[PDB]
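Q: Going by the working numbering, the first residue of the sequence shown is number 1105, and it counts up by one from there.
For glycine and all other residues, C-beta sits at the position ideal for the given N, C-alpha and C.
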Amino acid sequence: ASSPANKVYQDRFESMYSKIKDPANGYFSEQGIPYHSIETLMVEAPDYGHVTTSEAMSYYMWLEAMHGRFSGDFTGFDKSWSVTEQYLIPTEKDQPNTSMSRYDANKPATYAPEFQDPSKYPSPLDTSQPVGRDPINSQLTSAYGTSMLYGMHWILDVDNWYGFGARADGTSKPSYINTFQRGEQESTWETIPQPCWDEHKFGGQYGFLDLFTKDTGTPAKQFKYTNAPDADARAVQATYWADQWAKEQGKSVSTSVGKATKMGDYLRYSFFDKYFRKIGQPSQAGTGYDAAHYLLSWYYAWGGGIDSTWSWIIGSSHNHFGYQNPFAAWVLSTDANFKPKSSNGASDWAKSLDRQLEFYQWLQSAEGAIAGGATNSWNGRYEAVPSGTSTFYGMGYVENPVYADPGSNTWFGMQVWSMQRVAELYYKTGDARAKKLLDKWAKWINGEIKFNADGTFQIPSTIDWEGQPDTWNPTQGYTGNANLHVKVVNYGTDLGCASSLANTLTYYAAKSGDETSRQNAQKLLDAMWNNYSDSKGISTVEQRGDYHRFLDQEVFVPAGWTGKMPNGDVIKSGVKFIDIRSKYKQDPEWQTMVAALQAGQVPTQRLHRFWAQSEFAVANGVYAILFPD
Ligand SMILES: OC[C@H]1O[C@@H](O[C@H]2[C@H](O)[C@@H](O)[C@H](S[C@H]3[C@H](O)[C@@H](O)[C@H](Sc4ccc(I)cc4)O[C@@H]3CO)O[C@@H]2CO)[C@H](O)[C@@H](O)[C@@H]1O
Ligand SMILES: OC[C@H]1O[C@@H](O[C@H]2[C@H](O)[C@@H](O)[C@H](S[C@H]3[C@H](O)[C@@H](O)[C@H](Sc4ccc(I)cc4)O[C@@H]3CO)O[C@@H]2CO)[C@H](O)[C@@H](O)[C@@H]1O
Ligand SMILES: [Ca+2]
């Protein structure tokens, strides 16, 4: 039977759980899918409050697993996995096996360059540029008897707000859509949302396809899905604890474990270079695993034809430390219950485990924070690495991977999300590499937390960097990176990050005994419970400093291109963010938002992000479990 838990904090989790699941609060859609946030006027990662992410589903699984632990009821965790497989993992209709089975592992895809500015798109396909071999496809088709991929597509238009519908019908919900397509300078604000299933029924004469990649002839009807590695890994991580807690109570989630294991098997596609080029020697085409960096890259994606059979799959050359999950790798490589069926699944994940922890240590700054990451494709075109640039296995160090507007590693969040996984690993295995990373990182963040007399508090929000880490020498190890520094630009009261911080410090303290980490984690949880609770969970007023882009941000549309969004909005050069999303004017918060801009004030909101709420609950659960008194 499960060990006794701290009743005070267990109660707080149960409370939050009721608030999150309460139909009156509106965190879920009528199909049981969680929204990114209750409020619809939302722009940061997705550009609409009621479009969800894989990241959300994974937090949904974590919440339900924690609920099983305290109620003995795991049916909600099982339903959490049913909704995922039904709505976020493309079905047989969404990814036609007729097309996926025509896939060729020797020529996985056609090379196309990446540009530092949205106006350089569409990018031209070049069949003369080399592409390496895919070593894991035959492992996967053979173990599962299908050519379709089993991973989650990252973003979903839950209530068909954009109008694309399901597979071009325009009326079904949920709707598979995608946003980001045009480089490091394309923010949430500069995209042109498009359907995953493109039959040319919406947009331009060829749907939205020729906005992004330019081919030699007429674009074909096609589908494409993009995975968010960090969410799939988090799904595995959460499924593991659900398995642990269920067994402790004579119950089983055997079936959910099978799904999670298959997902981790396919998740290995993120270990490869975008066009399978050798790691450390980008101009040469890969021969197999020599194109594997073994890290959880920014994505892996696949697509195929709709009215003709063919398909493609790509990895990602860009690697951010915030996506890594050392715990999920430990699980899939050492736990018999999660041993992947594919021949190399488990051992590949063992290699990822060692490589991931080297990456973290390679990026640890003088102060303790973790730097961005590295890439095997400089400027996204496999260009020459400037002399002087530090490297990790041939890959060049990049301060802000994949995005520059704003930099992907300027948000404190990446710090806690990634390191929380390193804390779970250290707690369960006492691994030495994890201890070293945590002792220094934990000391940094503990001196950066501020508690005010009135009970409120602050933690880092926006951070900045200087220098670069020393070139990684595996035999030498961590030099200390004296020339790599982190600067805290400004503080804030991000309840999600505060919660994720509490979580990280709790696991670490529970293993190391660091009293400071323990009292801070608890002060944070207490602070949020006492001063930020509300009817729907927790919240605070925050400024939305980028909302002026709602009205002043120009969206690039190529010369001569004209199209329509399902609702009729015309797409042409000159349009602004709001012009191709005119429905945003019916939002309850619209007039309030615009009035503030007109009067020259930064708008403000009291937001309820689904993941932040779950993060707060889970955090309370972790504490109740590790510190029973
Ligand atoms: O059209 C006929 C040829 O198709 C080839 O396959 C290509 C597809 O046609 C094409 O649409 C896609 S475009 C693809 C981008 O290359 C990739 O960067 C991204 S995922 C992503 C994530 C973040 C950001 I910022 C930007 C992108 O996904 C895009 C699709 O959504 O590319 C494939 C191959 O590169 C066939 O290979 C060929 O046989 C056909 O002739
Ligand atoms: O992609 C990563 C995840 O992002 C999550 O969303 C986070 C944003 O990415 C992050 O930028 C913001 S931090 C943001 C504050 O919320 C805002 O109040 C301030 S406004 C300000 C104030 C003073 C001054 I001087 C200048 C500006 O601006 C900050 C950014 O600069 O936090 C959100 C939520 O944590 C997504 O929720 C998640 O899905 C993504 O994975
Ligand atoms: Ca930009």
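Should the region 1135-1153 be called in touch with the region 1658-1669, which here means at least 3 C-beta pairs below 8 Å?
A: The answer is no - the region 1658-1669 does not touch the region 1135-1153, with fewer than three Cβ pairs under 8 Å.
Q: Per DSSP, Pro1564 is paired with what?
A: For the purposes of this step, residue 1564 is taken as residue 460 along the sequence shown, with counting starting at 1. Answer is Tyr1595.
Q: Given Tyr1403, which residues of its chain have a CB within under 6 Å of its CB, disregarding the five upstream and five downstream residues?
A: Along the sequence shown, one-based indexing puts residue 1403 at 299. Excluding positions up to five away in sequence, the list reads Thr1330, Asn1331 and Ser1420.
Q: Report yes if the CB atom of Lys1615 is closer than 8 Å to the CB atom of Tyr1530, and no otherwise.
A: Here the question's residue 1615 lines up with position 511 in the sequence shown. Here the question's residue 1530 lines up with position 426 in the sequence shown. A contact, by the Cβ cut-off of 8 Å.
Q: For the 8 Å Cβ check, are there 3 or more pairs between the region 1447-1459 and the region 1240-1256?
A: Yes, they touch.
Q: From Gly1130 to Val1659, what distance separates their C-alpha atoms?
A: By one-based count along the sequence shown, residue 1130 stands at place 26. By one-based count along the sequence shown, residue 1659 stands at place 555. So the two alpha carbons sit approximately 32 Å from each other.
Q: Is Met1252 helix, strand or coil when you go by DSSP?
A: Counting from 1 along the sequence shown, the entry for residue 1252 is found at position 148. Residue state, collapsed to three classes: coil.
Q: Give a yes or no on whether the C-beta atoms belonging to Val1340 and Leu1400 are separated by under 8 Å.
A: Stepping through the sequence shown from its first residue, residue 1340 is reached at position 236. Stepping through the sequence shown from its first residue, residue 1400 is reached at position 296. Taking 8 Å as the Cβ cut-off, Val1340 and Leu1400 do not qualify as a contacting pair.
Q: Once you ignore the five residues that flank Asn1594 on each side, which residues in its own chain have a CB closer than 7 Å to its CB?
A: Here the question's residue 1594 lines up with position 490 in the sequence shown. Result list for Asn1594: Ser1565 and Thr1566, in chain order.
Q: Classify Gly1584 as buried or exposed, calling it buried when 16 or more other Cβ atoms lie within 10 Å of its own Cβ.
A: Counted from its first residue, the sequence shown places residue 1584 at position 480. With fewer than 16 other Cβ atoms within 10 Å, it is exposed.
Q: For the 8 Å Cβ check, are there 3 or more pairs between the region 1269-1281 and the region 1170-1180?
A: Not touching, per the Cβ criterion.
Q: Under 7 Å: does the beta carbon of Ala1149 sit that close to some heavy atom of ligand 2?
A: Translated into the one-based positions of the sequence shown, residue 1149 becomes position 45. Correct: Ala1149 has its Cβ closer than 7 Å to ligand 2.
Q: Specify whether the region 1255-1266 and the region 1699-1709 touch according to this definition: at least 3 beta carbon pairs, one from each stretch, less than 8 Å apart.
A: Short answer: they don't touch.
Q: Let me check you understand the geometry: is the CB of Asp1650 closer than 7 Å to at least one non-hydrogen atom of ligand 3?
A: As a position in the sequence shown, residue 1650 is number 546, starting the count at 1. Because no heavy atom of ligand 3 lies under 7 Å away, the Cβ of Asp1650 does not count as near it: no.
Q: For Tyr1427, I'd like the list of residues in its chain whose CB is within less than 6 Å of its CB, leaving aside the five on either flank, ordered along the chain.
A: Here residue 1427 is taken as the residue at index 323 of the sequence shown, counted from 1. Here the set comprises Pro1333, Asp1334 and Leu1400.
Q: Please classify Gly1500 as buried or exposed, where buried requires at least 16 neighbouring CB atoms within 10 angstroms.
A: For this step, residue 1500 is matched to residue 396 along the sequence shown. By the 10 Å Cβ count, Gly1500 comes out buried.
Q: Is any heavy atom of ligand 1 found at a distance shorter than 7 Å from the C-beta of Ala1389?
A: One-based indexing of the sequence shown puts residue 1389 at position 285. Not under cutoff, so the answer is no.
Q: Mind pulling the beta strand (DSSP E) runs of 3 or more residues that sit fully within the region 1360-1418?
A: You should have 1405-1409 and 1415-1418.
Q: Could you name each continuous alpha helix (DSSP H) segment of 4 residues or more that falls completely within the region 1446-1514, going from the start of the chain to the end?
A: 1449-1467, all fully within the region 1446-1514.
Q: Whether or not the region 1403-1419 and the region 1381-1394 are in contact is what I'm after, with contact meaning three or more pairs of Cβ atoms, one per stretch, closer than 8 Å; do they touch?
A: No, they do not touch.
Q: Hey, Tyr1398 and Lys1455 are a contact pair by Cβ (cut 8 Å); roughly how many whole angstroms apart?
A: By one-based count along the sequence shown, residue 1398 stands at place 294. By one-based count along the sequence shown, residue 1455 stands at place 351. Contact holds; Cβ gap of about 5 Å.
Q: Quick check: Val1187 and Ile1137, are their CB atoms within less than 8 Å of each other?
A: In the sequence shown, residue 1187 corresponds to position 83, counting from 1. In the sequence shown, residue 1137 corresponds to position 33, counting from 1. In contact: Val1187 and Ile1137 (Cβ atoms closer than 8 Å).
Q: Taking the alpha carbon of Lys1183 as the point to measure from, which residue in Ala1169, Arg1173 and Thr1195 has its own alpha carbon closest?
A: Taking the sequence shown and counting its residues from 1, one reaches residue 1183 at position 79. Nearest of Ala1169, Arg1173 and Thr1195 to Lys1183, Cα basis: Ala1169.
Q: Return the first residue and the last residue of the beta strand (DSSP E) that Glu1646 is part of.
A: Position 542 of the sequence shown, counted from the first residue, corresponds to residue 1646. Per DSSP, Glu1646 belongs to the beta strand (DSSP E) from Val1645 to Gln1647.
Q: Can you tell me where the alpha helix (DSSP H) with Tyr1310 in it begins and where it stops?
A: Counting from one through the sequence shown, the residue named residue 1310 turns up at place 206. It is not in any alpha helix (DSSP H) - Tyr1310 instead sits in the beta strand (DSSP E) that spans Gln1309 to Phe1312.
Q: Report yes if the C-beta distance between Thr1413 and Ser1107 is below 8 Å; otherwise report no.
A: Here residue 1413 corresponds to residue number 309 of the sequence shown, with the count starting at 1. Here residue 1107 corresponds to residue number 3 of the sequence shown, with the count starting at 1. The answer is no: Cβ separation not under 8 Å.
Q: On the CB-based measure, 16 or more other CB atoms within 10 Å of its CB, does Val1706 come out buried or exposed?
A: Here residue 1706 refers to the residue found at position 602 when the sequence shown is read from its first residue. Burial call: exposed.
Q: Which residues in the same chain as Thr1322 place their Cβ atom closer than 8 Å to its Cβ, once the five residues preceding and following it in sequence are excluded?
A: Against the sequence shown, residue 1322 aligns to sequence position 218. Once the five neighbours on either side are set aside, the close Cβ partners of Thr1322 are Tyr1310.
Q: Ligand 3: which residues have Cβ under 6 Å from any of its heavy atoms, chain order?
A: Taken from the N-terminal end onward, the list reads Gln1289, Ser1291, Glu1294 and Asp1509.
Q: Since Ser1279 is in the beta strand (DSSP E), which residue starts that stretch and which ends it?
A: For the purposes of this step, residue 1279 is taken as the residue at position 175 of the sequence shown. First-last of the beta strand (DSSP E) with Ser1279: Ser1279 to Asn1282.
Q: Between which two residues does the beta strand (DSSP E) carrying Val1155 extend?
A: Here residue 1155 corresponds to residue number 51 of the sequence shown, with the count starting at 1. Its beta strand (DSSP E) spans residues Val1155 to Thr1157.
Q: Roughly how many angstroms separate the alpha carbons of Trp1166 and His1712, rounded to a whole number?
A: On the sequence shown, residue 1166 is found 62 positions in, with the first residue counted as 1. On the sequence shown, residue 1712 is found 608 positions in, with the first residue counted as 1. About 18 Å.
Q: Measuring straight from C-alpha to C-alpha, what distance separates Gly1617 and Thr1608?
A: Within the sequence shown, residue 1617 is the residue found at index 513, counting from 1. Within the sequence shown, residue 1608 is the residue found at index 504, counting from 1. Computed Cα separation, rounded: 13 Å.
Q: Hey, out of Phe1681, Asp1221, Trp1715 and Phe1117, whose CA is closest to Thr1292's CA?
A: Taking the sequence shown and counting its residues from 1, the one referred to as residue 1292 is at position 188. For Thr1292, the nearest C-alpha among the options comes from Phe1681.
Q: DSSP beta-bridge partners for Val1590?
A: Counting from 1 along the sequence shown, the entry for residue 1590 is found at position 486. Answer is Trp1569, bridged to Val1590.
Q: Tell me whether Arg1525, by its Cβ, gets closer than 7 Å to a heavy atom of ligand 2.
A: As a position in the sequence shown, residue 1525 is number 421, starting the count at 1. Result no, Cβ not under 7 Å from ligand 2.
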